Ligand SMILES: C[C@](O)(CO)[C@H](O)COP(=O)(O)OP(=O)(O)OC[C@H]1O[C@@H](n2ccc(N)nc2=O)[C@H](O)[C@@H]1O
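Okay, so here's just one chain, in structure tokens, the form deposited without the named molecule.
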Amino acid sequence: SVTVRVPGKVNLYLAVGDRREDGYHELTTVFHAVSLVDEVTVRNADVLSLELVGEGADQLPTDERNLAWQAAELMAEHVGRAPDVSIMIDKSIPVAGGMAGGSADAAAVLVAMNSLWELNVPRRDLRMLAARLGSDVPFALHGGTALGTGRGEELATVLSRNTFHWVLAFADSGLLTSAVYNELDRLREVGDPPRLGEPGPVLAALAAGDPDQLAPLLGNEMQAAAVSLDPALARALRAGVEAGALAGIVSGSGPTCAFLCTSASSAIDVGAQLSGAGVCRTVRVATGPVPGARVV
């Protein structure tokens, strides 16, 4: 038996290219792994099986619709083997919370099988499988913080002088990424929504470990479009700041709102205030960066 710990992610920066076709938007993102994690335990078995435990885990498929299952099938096929493993996932990355928990579990399956079967295929081969699986699996292997420029290309590692302290808050209902991109396209036709800074300043603030410098540079071009559809998000972001956060953004298409705090103490206090105030379904504290999928 091998257990791998793998983190969920938040996007600190997301610039979304103008629609082209067939209706694509080129994404430039700064990905940041944070300490809400799943732990995936893989053992040899007679047949592939998958079980998940933890809040929300009962909502998830336990067959080939689950990326972790597809990961086990791909890793085994890659080494000409049958995927004869049992997979147990202790899920603590909030479900449907926009932090790419199925992608983290898939990355963890790759790493757990690599270690369990004593194969030790190189990291390059794992990144290759992760790309086949889906667009967030590569970052779950990578972990830390990284800048991503587009579909294939390597992620670029960004090191920080100190850890950052987050409050992460999850709305009781997610939005379809489809709809948010539509409202983004429309807001741009009808007007001029926020267009982001360049990502170099964001990387410099991260490198410096300076949350006061990072805070006004967090951004997400999808946020306006989310907030257009669910205006409640606007009051939630304001509430988090009223609670003492430096800044808050929506991550991705939501439902994660991410609030950068000055310290672990501050995040505890901001988190308490936000939980008390009921603007969100779930409120959690976290630190980042943390490592990607690794055997524990």
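When you see a residue number, it is the position in the sequence shown, counting from 1.
Heads up, the form deposited with the named molecule bound isn't pictured, but that's what we're talking about next.
Student: Taking 4.5 Å between heavy atoms as the contact cutoff, choose which of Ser115, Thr177, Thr157, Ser86 touches the named molecule in the entry with it bound.
Tutor: If I apply the 4.5 Å criterion carefully, the residue I get is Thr177.
Student: Between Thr163, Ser135, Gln213, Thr149, only one gets a heavy atom within 4.5 angstroms of the named molecule in the entry with it bound; which residue is that?
Tutor: Exactly one residue meets the criterion: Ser135.
Student: Choose from 257-265, 230-238, 24-32, 41-49 the stretch whose residues reach within 4.5 Å of the named molecule in the entry with it bound, heavy atoms counted.
Tutor: Result of the contact check: 24-32.
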